[PDB]
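Worksheet: one structure, shown below.
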Amino acid sequence: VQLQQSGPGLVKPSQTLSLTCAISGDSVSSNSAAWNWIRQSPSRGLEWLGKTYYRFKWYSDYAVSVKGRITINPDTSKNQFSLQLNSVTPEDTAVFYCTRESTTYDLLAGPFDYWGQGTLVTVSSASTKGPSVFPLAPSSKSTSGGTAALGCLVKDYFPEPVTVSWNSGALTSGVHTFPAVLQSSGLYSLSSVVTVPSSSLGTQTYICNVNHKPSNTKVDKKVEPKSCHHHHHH
Amino acid sequence: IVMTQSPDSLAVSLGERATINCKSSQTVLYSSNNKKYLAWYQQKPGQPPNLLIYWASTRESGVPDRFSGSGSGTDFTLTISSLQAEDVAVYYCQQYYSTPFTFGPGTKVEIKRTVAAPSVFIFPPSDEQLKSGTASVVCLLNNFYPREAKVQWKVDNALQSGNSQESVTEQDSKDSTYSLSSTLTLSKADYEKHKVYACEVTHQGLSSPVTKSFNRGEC
């Protein structure tokens, strides 16, 4: 069983947040499941929003905090279900999760046993801005004991999030992708660094793959030791 | 049904036991079938919660047996019999006894390990960025413990303020360390007015503050 959510991005205030969760390995009409949305925010923590489920017809139940603003609709043809939240305000910004509640016969409730990956929806009137990606080149100042640190600086984007991978996902050990910082301009920046053997910088290639889904921006940057043209006197 | 948890957090050494408490404001033991409608989840940063325990005491398939749950219909515990590095996370309990289903506020679990000094690195701005008119200098503190650290920027030995931002990682799931990135940002004009760019790092693992520096336009 896998639950795959639609991507992150901006919703303008007073408009309708709209997400989808695509199910594989199970049917959205399953007699023994209910299909839920959960939101996770700063201080409200994890909060159940609603669910739909098929017993002999479709039923939906919704949290009182979103009464009259929410719909969760099944799509039997694409084996999906939706979340729509009406008239969103900036305070609706949150990570949203779809999840399966597993039930059986003579049990009318169960835990959330499978979860989507989460979608950060940001409510704001600002426009998206894609990042600039700059190399953090390995140098004498980023080495230590057989090890070299290198990275990418992902600067001036909006909204969160950006995805950073290295070598298309083949490089994961020793990677630190830092939490973004909020710049005074309201834009975000982060860095992603990796520690590699200094012995093999000549034979290995290190490419940071940056994906800012809210703006449909993908950047690949090759990061290499920088050639020297200065100190002009020796 | 308000769910509360205790403690709010904990940090203990590898191989120690940890118990996390959870309470529901009314009973979630169902008289009809004598089941407790109580689940526990593990959540790591960037990931969805992951079901550990349900029916208060049944371990979910694929969950290590060092996780167990027990409870009384209103008071519940999650126990990790022997804490492992990959257990750093937030642990939530949740009742599914009555709508609306409600979650506890979470208990954050961190590993207490031995002191480890940061490896300090510095990166001048890229030529590509400098063409854009801006210079970002990055100071990197790699794989240190404990999380407390102080970075100071000095430009030609003058202490900086108001032009840097930093952030720290979550705790590493393998070596239980933290890493920190600090970025000094100047205009290209301002950057090119000075020579020595340095970050100075104080940490419990360092007998005296470590300074990492470069000379602009020198190599």
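Identifiers in this document derive from the order of the structure tokens: chains are assigned A, B, ..., residues are numbered from 1 separately in each chain, and ligands are numbered from 1 in order of occurrence.
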All residues 8 Å or closer to residue 54 in chain A, only C-alpha atoms, same chain fewer than 6 positions away omitted, as number ranges by chain: A: 28-31, 34
For the interface of chain A with chain B (cut-off 9 Å, counting only C-alpha atoms), please tabulate each contacting residue of chain A alongside its nearest pair of atoms and their separation in Å to one decimal, rows sorted by chain and increasing number, as JSON lines.
```
{"residue": "A:43", "atom": "CA", "partner": "B:105", "partner_atom": "CA", "distance": 8.7}
{"residue": "A:44", "atom": "CA", "partner": "B:105", "partner_atom": "CA", "distance": 8.3}
{"residue": "A:45", "atom": "CA", "partner": "B:105", "partner_atom": "CA", "distance": 6.1}
{"residue": "A:46", "atom": "CA", "partner": "B:103", "partner_atom": "CA", "distance": 6.1}
{"residue": "A:47", "atom": "CA", "partner": "B:102", "partner_atom": "CA", "distance": 6.7}
{"residue": "A:48", "atom": "CA", "partner": "B:101", "partner_atom": "CA", "distance": 6.3}
{"residue": "A:49", "atom": "CA", "partner": "B:100", "partner_atom": "CA", "distance": 8.5}
{"residue": "A:50", "atom": "CA", "partner": "B:100", "partner_atom": "CA", "distance": 8.6}
{"residue": "A:62", "atom": "CA", "partner": "B:100", "partner_atom": "CA", "distance": 8.3}
{"residue": "A:63", "atom": "CA", "partner": "B:100", "partner_atom": "CA", "distance": 6.3}
{"residue": "A:64", "atom": "CA", "partner": "B:100", "partner_atom": "CA", "distance": 8.3}
{"residue": "A:97", "atom": "CA", "partner": "B:48", "partner_atom": "CA", "distance": 7.4}
{"residue": "A:109", "atom": "CA", "partner": "B:96", "partner_atom": "CA", "distance": 6.5}
{"residue": "A:110", "atom": "CA", "partner": "B:96", "partner_atom": "CA", "distance": 6.4}
{"residue": "A:111", "atom": "CA", "partner": "B:39", "partner_atom": "CA", "distance": 6.3}
{"residue": "A:112", "atom": "CA", "partner": "B:51", "partner_atom": "CA", "distance": 6.9}
{"residue": "A:113", "atom": "CA", "partner": "B:51", "partner_atom": "CA", "distance": 5.8}
{"residue": "A:114", "atom": "CA", "partner": "B:50", "partner_atom": "CA", "distance": 7.8}
{"residue": "A:115", "atom": "CA", "partner": "B:48", "partner_atom": "CA", "distance": 6.4}
{"residue": "A:116", "atom": "CA", "partner": "B:48", "partner_atom": "CA", "distance": 7.0}
{"residue": "A:117", "atom": "CA", "partner": "B:48", "partner_atom": "CA", "distance": 5.8}
{"residue": "A:118", "atom": "CA", "partner": "B:48", "partner_atom": "CA", "distance": 6.4}
{"residue": "A:132", "atom": "CA", "partner": "B:129", "partner_atom": "CA", "distance": 8.7}
{"residue": "A:133", "atom": "CA", "partner": "B:129", "partner_atom": "CA", "distance": 8.8}
{"residue": "A:134", "atom": "CA", "partner": "B:126", "partner_atom": "CA", "distance": 6.6}
{"residue": "A:135", "atom": "CA", "partner": "B:126", "partner_atom": "CA", "distance": 6.5}
{"residue": "A:136", "atom": "CA", "partner": "B:123", "partner_atom": "CA", "distance": 6.1}
{"residue": "A:137", "atom": "CA", "partner": "B:123", "partner_atom": "CA", "distance": 7.1}
{"residue": "A:138", "atom": "CA", "partner": "B:123", "partner_atom": "CA", "distance": 7.9}
{"residue": "A:139", "atom": "CA", "partner": "B:123", "partner_atom": "CA", "distance": 7.9}
{"residue": "A:141", "atom": "CA", "partner": "B:122", "partner_atom": "CA", "distance": 5.8}
{"residue": "A:142", "atom": "CA", "partner": "B:121", "partner_atom": "CA", "distance": 4.6}
{"residue": "A:143", "atom": "CA", "partner": "B:121", "partner_atom": "CA", "distance": 7.4}
{"residue": "A:144", "atom": "CA", "partner": "B:119", "partner_atom": "CA", "distance": 7.7}
{"residue": "A:149", "atom": "CA", "partner": "B:121", "partner_atom": "CA", "distance": 7.7}
{"residue": "A:150", "atom": "CA", "partner": "B:123", "partner_atom": "CA", "distance": 8.7}
{"residue": "A:153", "atom": "CA", "partner": "B:138", "partner_atom": "CA", "distance": 8.7}
{"residue": "A:176", "atom": "CA", "partner": "B:169", "partner_atom": "CA", "distance": 7.4}
{"residue": "A:177", "atom": "CA", "partner": "B:169", "partner_atom": "CA", "distance": 7.8}
{"residue": "A:178", "atom": "CA", "partner": "B:169", "partner_atom": "CA", "distance": 5.6}
{"residue": "A:179", "atom": "CA", "partner": "B:167", "partner_atom": "CA", "distance": 6.2}
{"residue": "A:180", "atom": "CA", "partner": "B:167", "partner_atom": "CA", "distance": 7.3}
{"residue": "A:181", "atom": "CA", "partner": "B:167", "partner_atom": "CA", "distance": 6.8}
{"residue": "A:182", "atom": "CA", "partner": "B:165", "partner_atom": "CA", "distance": 8.6}
{"residue": "A:183", "atom": "CA", "partner": "B:165", "partner_atom": "CA", "distance": 8.1}
{"residue": "A:190", "atom": "CA", "partner": "B:167", "partner_atom": "CA", "distance": 8.7}
{"residue": "A:191", "atom": "CA", "partner": "B:181", "partner_atom": "CA", "distance": 7.4}
{"residue": "A:193", "atom": "CA", "partner": "B:140", "partner_atom": "CA", "distance": 8.8}
{"residue": "A:228", "atom": "CA", "partner": "B:219", "partner_atom": "CA", "distance": 6.4}
{"residue": "A:229", "atom": "CA", "partner": "B:219", "partner_atom": "CA", "distance": 7.5}
{"residue": "A:230", "atom": "CA", "partner": "B:218", "partner_atom": "CA", "distance": 5.4}
{"residue": "A:231", "atom": "CA", "partner": "B:218", "partner_atom": "CA", "distance": 4.8}
{"residue": "A:232", "atom": "CA", "partner": "B:218", "partner_atom": "CA", "distance": 8.3}
```
Give me every helix (DSSP H, G or I) residue in range 50-137 of chain A, going by DSSP on the backbone, as a count of residues only. 6
For residue 66 in chain A, the nearest of the candidates A:218, A:100, A:212, A:39, counting only C-alpha atoms: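 Counting only C-alpha atoms, the residue closest to residue 66 in chain A is A:39.
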Find the spatial neighbours of residue 160 in chain B, counting only C-alpha atoms, within a cut-off of 12 Å - ignore same-chain residues fewer than 4 positions away - and output them as a PyMOL selection string. chain B and resi 151-156+164-165+183-186+197-200
B:69, B:45, B:146, B:15 ranked by distance to residue 113 in chain B, top pick (using only C-alpha atoms):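 Smallest separation from residue 113 in chain B among the options: B:146.
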